[PDB]
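Below you'll find the structure, written out as structure tokens, and then a few comments.
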Ligand SMILES: [Mg+2]
């Protein structure tokens, strides 16, 4: 019947009572399920680890008192519980971990799978300096047209022609596609490399397994350099 | 270090707070410590036999 | 949804029914309204827009960019008050803040009592009613810095209930002496101690105590003798509840060190008759008290 | 005897996988292959009285549990195990569960183990203060003091002798001091006081956390912030307090901001390593908080209300003494909750 006021948390007198209480809850789970084996897909480097940001954890983990090393300790225990084998996990672990998943469920993604159009053409846009290029890639025999003109007519420099061919040379498909490139703005170099960038982005639809090789060659990276007003 | 006085006399210092009225409510430990007095002699004691031999 | 005139005529004013009828004849019932994510035309809350809010809407009769009255038909002829008072309660007092209606009425003793109760758990009533505070030293000290001499106010105060409890407190402030005294009063209450008193009027026997450079010689006195001691010691005795005392200070007479030395002497240099009796296993009789007993 | 029951489910489970696998096969087939041929069949077919039954029974069955339903609302162990086929070998997960079955039944056949020390049992099965012997204290290493070169001669009266370059603490006195300290913890627990267990040496957290849990107390294992007691409003005012009844259950009453800023002072402080926690001890003295501490031969006894002479460097000795104090608190708590029931 008699009532008294007491500290809410067992860690009240510690430096960060809120962080220590949360760590204790996770430590209890890691002790109760010490035996459960961990994922063997961890070697496969499963791409799932959506934990809340340091600032988001500071709302619940002591605010200003929260130290970076304390946040690092939270992630080492959240990941360890998360990496328990999915088949052998239980509700208790998942319930505790749910509160730490970055909230991104009410919203959706903005990416729709790219596909060939009604005529079998892959359309991509590329930009370099002030130049832009819109290319139409279709399966063919290596025919190229730049603004309706022959490649040797539009681009006089062989290095510009070699830049356009490089993405097709990476996937060894120089004679497997017809390119109808349209370019405007900047000069010959900007247009040739803008076409290069656009062909690389259009080739991924024909075989998405070659994106990694295209990225590694550097043709899918938009070149950011532009004329800078002297400051 | 000097033999401290204030750690073992918490009951007597607290009792002065309660008698004067500076402290309104008796602490929960107060009755327990009163029934179990601390040892406050802190003396050096002679010994007249080696317990081993 | 399209509603019959009957229903709409029981909620909306007659003047607005014609507009509702025309809108229900121009907007087809199967209109699929879309939400704009570029321009927010409507407010962030629901509103039928049938009533003019006295604050969130333009004041009727006031000139402004979208005033529909002719320039010779405005109805604001008095300009001594704010035209649009704040809505609702009439204030925007933040949650947890109080309107400073009255300023300069706080009692420093009550301010000390509230803070100490929250920080240490002492009773506010005892501090504000039972304790008497007396400043003993009030001076200005200074520190020489690269920027220049930085002055500070130093206050030494004694508090007591005149019934055995006395405390000494010190305080420093670079701003004003009142702040230094407040801190000293705060410190003094925290340092409150009980001092033994023989017959609640004097000390037990005589005391010869050395506190740093101060040599204190205090002698107990007969009832009605009064306080015949250094002025610093006098104030402490008043707060502590000592009525009869004689004494002399030798060597250093630094006020600060006399006050602290006196407090130390009253606690570390006295022994009650009861404590002497128990330690020695003997009975100690006050002959003067027995002479007047039954 | 009842295995068939499980077999009946597995049959459906296998059938369900078959239905799903070929539902995905038809998701690849172009509509031009199936749709026109399917529609043509209906154009060449005539519905019968029975066929129509399902023409509307399925329409409602699909207009009731698929369209006009609430998408949301406003085997217990290892329920996510994917069993392997009866012909296939055990999966890695099944082998783990197969081993766990063996561990419970067979793995402990052949002998029992007696008179062997298990470190965890000091924390989870501490003895009662009345059953403690000199042998038990000695087995825990409580008698092993510091080097005679590091002697703080104020501990002279606790010393039994010197042996192998260290001072041996008199366990007869340790037992008497421990019993006195244990009774104090029991009293404060039975009175409803706040008991704080402070220990900042590596490894002490586990013992400290369990001691607080079984006494409904508090602990600090990381760092004692200087001023936690004397400067409590600047350090601990922000943290949350709660009101509880005589059964230690949250009353749930919202607390006025006045009640949530007041200092919440411990009624009793237990310090495992006082030589490294002078700050806490001095604050306890200033705040009139009684304290208990393990006093090694180089430690000052007068700084604490109730010293316990004993080795403070070994986790076994500390956890042994902490366990005894923690169980004493538990008994006090159980006696307070019992008097409330009756
Ligand atoms: Mg030691």
Handout entry: Rounded to 10°, Cα long-axis angle of helix A:68-82 versus longest principal axis of chain A
Key = 90 degrees
Exercise for the section: Pull up the DSSP beta bridges for the protein assembly as shown and report the antiparallel fraction as a percent, rounded to 5. Expected result: 75 percent
Exercise for the section: Consider all pairwise Cα distances in the protein assembly as shown and report the whole-number % of them above 40 Å. Expected result: 68 percent
Problem - For the stretch A:97-231: relative contact order, % (alpha-carbon pairs under 8 angstrom, 6 or more apart) - result: 32 percent
Handout entry: Alpha-carbon spread of chain D, three principal axes, descending order, Å
Key = 111, 63, 46
Exercise for the section: Just report the Cα centroid separation between the stretch B:11-28 and the stretch C:256-275, whole Å. Expected result: 21 Å
Handout entry: Selected from C:197, C:280, C:253 as most flexible by GNM, with chain C as the system and alpha-carbon contacts under 10 Å
Key = C:280
Fill in the blank from the handout: The extension gain from residue C:137 to residue C:35, computed as 0.36 nm times the residue separation minus the Cα-Cα distance, is 29.2 nm
Handout entry: Mean separation of Cα contacts under 8 Å (6+ apart) over length of chain C, as relative contact order %
Key = 11 percent
Practice task
Among DSSP beta bridges lying fully in the stretch D:181-278, give the percent that are antiparallel, nearest 5.
Solution key: 10 percent
Completion exercise
Relative to chain A, whose Cα atoms define the longest principal axis, helix A:17-32 and its Cα axis are tilted in degrees, nearest 10, by 90 degrees
Fill in the blank from the handout: Distance in Å, no decimals, from the C-alpha centre of the stretch D:1-73 to the one of the stretch D:258-304 is 73 Å
Completion exercise
Using alpha carbon centers only, the stretch C:163-238 is separated from the stretch A:127-164 by a whole-angstrom value of 99 Å
Exercise for the section: Note down the Stokes-Einstein diffusion coefficient of the stretch C:189-288 in µm²/s, whole number, using a Kirkwood radius over alpha carbon pairs, 25 °C, and 0.890 mPa s. Expected result: 174 µm²/s
Exercise for the section: Kindly provide the pair-distance distribution of the stretch A:23-99 built from C-alpha pairs, with 5 Å bins from 0 and whole-percent values in order of increasing distance. Expected result: 3, 13, 27, 23, 18, 11, 5, 1
Problem - Counting DSSP beta bridges with both ends in chain D, the antiparallel % (nearest 5) - result: 35 percent
Fill in the blank from the handout: Once normalised by the length of chain A, the mean sequence separation of its alpha carbon contacts under 8 Å that are 6 or more apart gives a contact order in percent of 18 percent
Handout entry: Cα long-axis angle, helix C:231-240 against chain C (0 to 90 degrees, to the nearest 10)
Key = 70 degrees
Completion exercise
Over all viewing directions the Cα convex hull of the stretch D:1-56 casts an average projected area in nm² of 6.5 nm²
Handout entry: Shielding score for D:80-93, defined as the mean number of other chain Cβ atoms within 10 Å
Key = 2
Exercise for the section: Sort A:56, D:342, D:135 so the one with the fewest other Cβ atoms within 10 Å of its own Cβ comes first. Expected result: D:342, D:135, A:56
Problem - Descending Cα extents along the principal axes, the stretch D:1-133, whole Å - result: 97, 43, 35
Fill in the blank from the handout: If one builds a Gaussian network model of chain C from Cα atoms under 10 Å apart, the most fluctuating residue listed among C:131, C:245, C:46 is C:46
Exercise for the section: For the stretch A:114-195, restrict the atom set to alpha-carbon positions and state the Rg and Dmax in Å. Expected result: 12.1, 35
Practice task
At 10 °C and 1.306 mPa s, grab the translational diffusion coefficient of the stretch A:88-231 from Stokes-Einstein with a Kirkwood Rh over Cα pairs, rounded to a whole number in µm² per second.
Solution key: 92 µm²/s
Practice task
Please work out the FRET efficiency for the pair residue D:118 and residue D:85, using the Cβ-Cβ distance as r and a Förster radius of 60 Å; give the result to the nearest 0.05.
Solution key: 0.90
Fill in the blank from the handout: Rg from C-alpha atoms of chain B, normalised by the globular rule of thumb 2.2 N^0.38 Å, equals 1.74
Fill in the blank from the handout: Semi-axes of the stretch D:116-169 from the Cα gyration tensor (sqrt of 5 times each eigenvalue, largest first, whole Å) come to 27, 13, 9
Practice task
Please order D:306, C:291 by the number of other Cβ within 10 Å, starting at the fewest.
Solution key: C:291, D:306
Exercise for the section: Just the number, please: Stokes-Einstein D of chain C in µm²/s, Kirkwood Rh from C-alpha pairs, 4 °C, 1.567 mPa s. Expected result: 48 µm²/s
Problem - Where Rh is the Kirkwood radius over Cα pairs, Rg/Rh for the stretch D:287-342 - result: 1.12
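Quick reminder, even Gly has a Cβ in these numbers, built from the backbone with ideal geometry, and neighbours come from all protein chains shown. Coordinate-derived values only; no laboratory data.
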